[PDB]
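Protein chains in written order, with PDB author numbering: chain A, 69 to 214, 233 to 280; chain A', 69 to 214, 233 to 280; chain C, 61 to 232; chain C', 61 to 232; chain B, 84 to 95, 98 to 112, 122 to 203, 212 to 228, 243 to 335; chain B', 84 to 95, 98 to 112, 122 to 203, 212 to 228, 243 to 335. A prime marks a further copy of an entry chain.
By construction, the Cβ of each residue, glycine as well, lies at the ideal position given by its N, Cα and C atoms.
Just below is one structure, and these are the notes that go with it.
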Amino acid sequence: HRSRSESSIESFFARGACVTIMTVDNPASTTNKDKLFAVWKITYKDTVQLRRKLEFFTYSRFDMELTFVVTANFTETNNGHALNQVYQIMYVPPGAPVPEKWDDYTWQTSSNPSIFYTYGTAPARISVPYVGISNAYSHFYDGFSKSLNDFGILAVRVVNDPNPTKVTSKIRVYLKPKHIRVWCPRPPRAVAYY
Amino acid sequence: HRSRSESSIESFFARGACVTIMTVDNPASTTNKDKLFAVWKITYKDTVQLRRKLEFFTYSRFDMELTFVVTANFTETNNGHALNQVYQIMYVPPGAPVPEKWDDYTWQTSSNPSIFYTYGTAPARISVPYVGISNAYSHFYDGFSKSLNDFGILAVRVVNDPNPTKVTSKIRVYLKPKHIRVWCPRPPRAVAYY
Amino acid sequence: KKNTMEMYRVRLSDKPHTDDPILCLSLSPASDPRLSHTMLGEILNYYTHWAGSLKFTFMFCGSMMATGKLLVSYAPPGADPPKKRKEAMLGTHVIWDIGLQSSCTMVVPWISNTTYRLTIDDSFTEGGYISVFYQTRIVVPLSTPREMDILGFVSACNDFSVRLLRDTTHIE
Amino acid sequence: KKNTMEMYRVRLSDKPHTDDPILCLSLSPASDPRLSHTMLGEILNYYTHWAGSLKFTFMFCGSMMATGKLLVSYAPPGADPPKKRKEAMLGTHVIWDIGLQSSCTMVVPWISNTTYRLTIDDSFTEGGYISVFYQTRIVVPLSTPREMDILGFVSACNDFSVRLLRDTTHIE
Amino acid sequence: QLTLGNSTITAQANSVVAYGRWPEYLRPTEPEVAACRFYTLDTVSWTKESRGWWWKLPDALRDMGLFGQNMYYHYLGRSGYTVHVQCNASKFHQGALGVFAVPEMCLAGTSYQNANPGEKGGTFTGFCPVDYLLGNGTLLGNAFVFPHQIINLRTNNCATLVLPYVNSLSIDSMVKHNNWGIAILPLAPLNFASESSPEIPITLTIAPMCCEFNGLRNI
Amino acid sequence: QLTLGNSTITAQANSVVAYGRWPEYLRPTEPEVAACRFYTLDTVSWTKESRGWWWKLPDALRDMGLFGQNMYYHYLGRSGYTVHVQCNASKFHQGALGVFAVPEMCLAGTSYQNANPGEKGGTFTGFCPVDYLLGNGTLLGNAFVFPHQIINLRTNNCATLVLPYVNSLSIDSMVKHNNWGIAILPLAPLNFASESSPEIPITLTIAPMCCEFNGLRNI
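See below:
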């Protein structure tokens, strides 16, 4: 006897998949270039798989479950023995100021939640609730000004002070939409359109 | 149907925000300079955001939830492989003697609570209860001697013995006032006054 | 007049009366420069979404002998600021007889598609207007001064609400 | 005809009628090129196992005056595509009198040893066929056009099911 | 013969209530007969070459008297519809139309003058949206997911769609956002006996149901 | 503070129901709040030289939005009124106005452009109707037969007239026939203490009651 409870919306969608690879680096003590804080606006329109799966429907209400996998490497033969990097991962909610410097107030501001991650431990994890003005996301908008739903931004930097090692790092972000509802089915877009 | 339970006092105030960056360092075996134990008197009058949010009211009763994020770096190209630093983070309650040396008795005194932190583990954490003589903090005092409420002091040092590495460290302190009550609303001060 | 006590009061003279508003005020708190300092622009400058009905009270600081009428008009969102007395009269207005009343209250209703309208969005500039018009020139006896003053007070209503703290208070 | 609206309709002319199928369609969705785009090939291209009964509706877009008969035959899995009218008639068929009916529905039953048949396996190429044959040439009155059109619709039945998501949607 | 106010159309293929939901009042105003007429848009002559026609709601009814002067002189507005297509053809015409009620119909081949034509409607192409993809970049075959109906000119000649109010917001400004979209596409091209009339008309008949407007703009 | 729809005037000399008959519905439509607003016409500055002002109904309300667009886009229309004059004056102004609701007010000193001025109203003279005869060829003293009221600026400053529908026909076209006419005449000229404001405003406020329109003219 079969089930059919594997084609459910949550079962179809609630699959984690990398959405971006944010590159940062600990500046060398020579200060050749300042911190490369990585800022990425949360959007599903860069992953073909998630976007295509979401374009089967017009309106959706899905809660995000971001997760961060942190990796790093020395760029020089000399070890330098940099003590384990500490990464600040700040979730700038929708509408809040976007950081423009590695020392901007937005990092220290009270509103923006932040996670502190010591390279080596279990991956960081948050769960952005359904954050939207309307009562359901919209992937297709037939109106005009006077889609592009704002989920927020993620800004990641290295709290540690400069060290002469040039420790580059690449945070992979995995998004698992949970508690997802979808309305108004639509034709699926071809795989060449993206 | 709306809530209004996001403009509550605790929701408005119970947000962690860095209040100071205490700099310490492990002295080199050459003993060029002794330990730079960092002593900081707990005061909200250095962060614009928390101070301004607290100046909407005259009297307040808020319990603190200090948290410490520890980072460090070698100042020299040679690694030296200093074994993980151990930091003593002592909370000198209000009125107790203020440490003046990295070997003063106040570190060993029984009254002052202390935390021992091995660089790498989850951030330290305490919760200073409502520590005050009066029945509510006062941000504006109309009297005269014969405000400046004393919350205590935080003194941090490196327990480890000297090692020829010059491992500098910067403890970021995050204060989240919890169980906060406020009375007697006042006009908000401009953002240029601080 | 700014930076002083002269900013808060509007002078109702007795000369041109060129059928144009005494004062037109945008109903978008936390975005309007003249309405973003009234303890609604100081609480909505910490939040991102707001949804409620405002309340404007206009008080007339003149003499008991002064008599006349004023016209308080409310152009709902999506309309345009009325620029003549007749058009304002054709809308949603209240005639405020200053002679027998000294304060007029107007509760702007909460009308919007969403449950929460973004506080500071420069795209939405049609949030509605509240304007004051000279229904009839002012009549005063004897040498009573022509110049008079009107004060405005903006408050939230019992069904106001905000959401999503922002806390943009930087210093540098 | 591909890439246009001409692909979806099959022309029933009134000339050769050489006792060969108007259209023969494999009953292996998600593998048949002409059946792997119908919202069953778009849902079964995300899964690995499928187990259900399909449903084919053939609609006849001709004139009310046109009359004739068609033969919808279903060769079960493990058989071969019938290639003559008589053989199709000897199997499991339905005679579709286009004169008095405009749409013919055929529910392919779910027959298989396993509880779930792999979606895309090139080894199993005998999943059954559904074919349409000219039972009788078309008869039309007066100058009614000879050329006509037939449309096909493929849907799942109420007992369909899939398993083991695959999600092979790459880009590079 | 219908009974909606001033206008009455003689209608003898049953109604296809989109998504199984009838248009219902929000739980405003109540225009009653003020706008709930049967606004019979202009007819479009289906021929052997025409590829399609696309209308958008409520943009189509932007000049239809009371409804047009109520959706434009308000701020919030919601309303279902009862779109009704009739293709008057004789027994010697053969063909088939598909009527699709495309919610949030974004025909991205986009200026507001191109995606909101109004009573004229539009015309697909083989502004030239591609009929093959329905103008949405997606194969026409799948288009049948949209709440639709088929007008086959040997079984029926009329199709009724009862469109409810489908939008992310419980009530939206009718002058900026087009909730629905009616796309009529020839599935099987028109053909006919010789000397018969070569172009058969198609008439849409939109009947706003349960319309509610909130706000007002003087004048 | 009144409660008629959008418009509200603050009114603290009691009502003078003309002829003792309240305006009542014909025994059509029912505009409810569509036209039963309080259309505060423009104010007229009474001075020491002004001789009078004459308005005509419903011609005065020929541009007042919904009422103006309902009396002009119909064929038959009847409606009473609640004309309300207010003369805002201080304690140091002295004078007296007579407000006369003149049925079939024929001010024969007549082009339709002269006897139907509209919102502007008019002005008697000593088009120059003679105030002495009220413009009707008859001495002003007798004018008090018309349902009227007196606004004496030492006892009151407002006067309310409740005009019923008076016309030979139970319902008439509102765009051609002016049922009533409001003539305001200074019985005792204005005077005031030195340096006081030299011109006191007068505001009319017409509130169509029990209005009924029959017919319609599209658009």
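Separation of residue 133 of chain C from residue 87 of chain B, as counted between CA atoms: 37 Å
Beta-carbon proximity of residue 251 of chain B to residue 269 of chain B, cut-off 9 Å: no
Neighbourhood of residue 153 of chain B by C-beta distance below 7 Å, restricted to the same chain and skipping five residues each side: 218, 220 and 294
Cβ neighbours of residue 289 of chain C in the same chain (closer than 6 Å, five flanking residues each side left out): Past the boundaries of the shown model lies residue 289 of chain C; chain C is included only from 61 to 232, so the question cannot be answered.
Candidates A':243, A':249, A':240 and A':200: closest to residue 234 of chain A' by CA position: A':200
Proximal residues of chain A, C-beta to C-beta of residue 145 of chain C below 8 Å: By Cβ distance, chain A contributes nothing, its closest Cβ being about 29 Å from residue 145 of chain C, past 8 Å.
Residue of A:124, A:168, A:106 and A:77 minimising C-alpha distance to residue 138 of chain A: A:106
Residue 128 of chain C: first and last residue of the uninterrupted alpha helix (DSSP H) it sits in: No alpha helix (DSSP H) holds residue 128 of chain C; the beta strand (DSSP E) holding it covers 127–135.
Residue-chain proximity (residue 131 of chain C, chain B), Cβ-Cβ < 9 Å: no
Of the residues A':183, A':78 and A':255, the one placed nearest residue 129 of chain A', counting alpha carbons only: A':78
Beta-carbon proximity check, residue 149 of chain B vs residue 257 of chain B, cutoff 9 Å: no
Beta carbon of residue 24 of chain B' nearer than 9 Å to that of residue 189 of chain B': Residue numbering for chain B' in the displayed model covers 84 to 335; residue 24 of chain B' lies beyond these limits and cannot be assessed.
Sub-9 Å separation of residue 100 of chain C' and residue 215 of chain C' beta-carbons: yes
Interface flag, residue 247 of chain A vs chain A', CB-CB below 9 Å: yes
C-beta neighbour in chain C for residue 229 of chain B, strict 9 Å: Residue numbering in chain B breaks between 228 and 243, and residue 229 of chain B falls inside that break, so it has no position here.
Proximity winner among B':133, B':127, B':126 and B':105, relative to residue 92 of chain B' (alpha-carbon distances): B':133
Minimum Cβ-Cβ distance from residue 74 of chain C to chain B' less than 9 Å: yes
Euclidean distance between Cα positions of residue 265 of chain B and residue 273 of chain B: 11 Å
Beta-carbon contacts of residue 221 of chain C that lie in its chain and below 6 Å, excluding the five residues immediately before and after: 111 and 112
Pairwise C-alpha distance: residue 154 of chain A and residue 278 of chain A': 33 Å
Where residue 27 of chain C meets chain A', residues with beta-carbon distance less than 9 Å: Given that chain C is displayed from residue 61 to residue 232, the structure contains no residue 27 of chain C and the question cannot be resolved.
Extent of the continuous alpha helix (DSSP H) to which residue 118 of chain A belongs: 116–122
Interface residues of chain B' facing residue 199 of chain C [CB-CB closer than 9 Å]: 182, 183, 184, 187, 312, 313, 315, 316 and 317
Residue 122 of chain A' beta carbon less than 9 Å from that of residue 85 of chain A': no
Under 9 Å from the C-beta of residue 196 of chain A: neighbouring residues of chain A': Those do not exist, as residue 196 of chain A stays about 16 Å from chain A' at its closest Cβ, beyond 9 Å.
Secondary structure of residue 321 of chain B, DSSP reduced to three states: strand
Residue 262 of chain B' classed as buried or exposed, judged by whether at least 16 other C-beta atoms fall within 10 angstroms: buried
Contact list for the stretch 148–178 of chain A against chain C, Cβ threshold 7 Å: 161, 163, 164, 165, 173, 177 and 178
Sheet register partners of residue 328 of chain B (DSSP bridge): B:172
Cα-Cα separation between residue 105 of chain C and residue 161 of chain A, rounded to whole angstroms: 15 Å
Contact under 9 Å by Cβ, residue 150 of chain A with residue 141 of chain A': yes
Beta-carbon neighbours of residue 190 of chain B, restricted to chain C' and to distances below 8 Å: 119, 121, 209 and 211
Chain-order list of residues whose beta-carbon lies under 6 Å from that of residue 104 of chain A (same chain, five-residue window excluded): 92 and 93
Residue range of the unbroken beta strand (DSSP E) whose run includes residue 212 of chain C': 209–216
Cutoff 9 Å: residue 186 of chain C' Cβ touching any chain B Cβ: no
Residue 298 of chain B' - containing alpha helix (DSSP H), residue span: Careful: residue 298 of chain B' lies outside any alpha helix (DSSP H), inside the beta strand (DSSP E) at 296–308.
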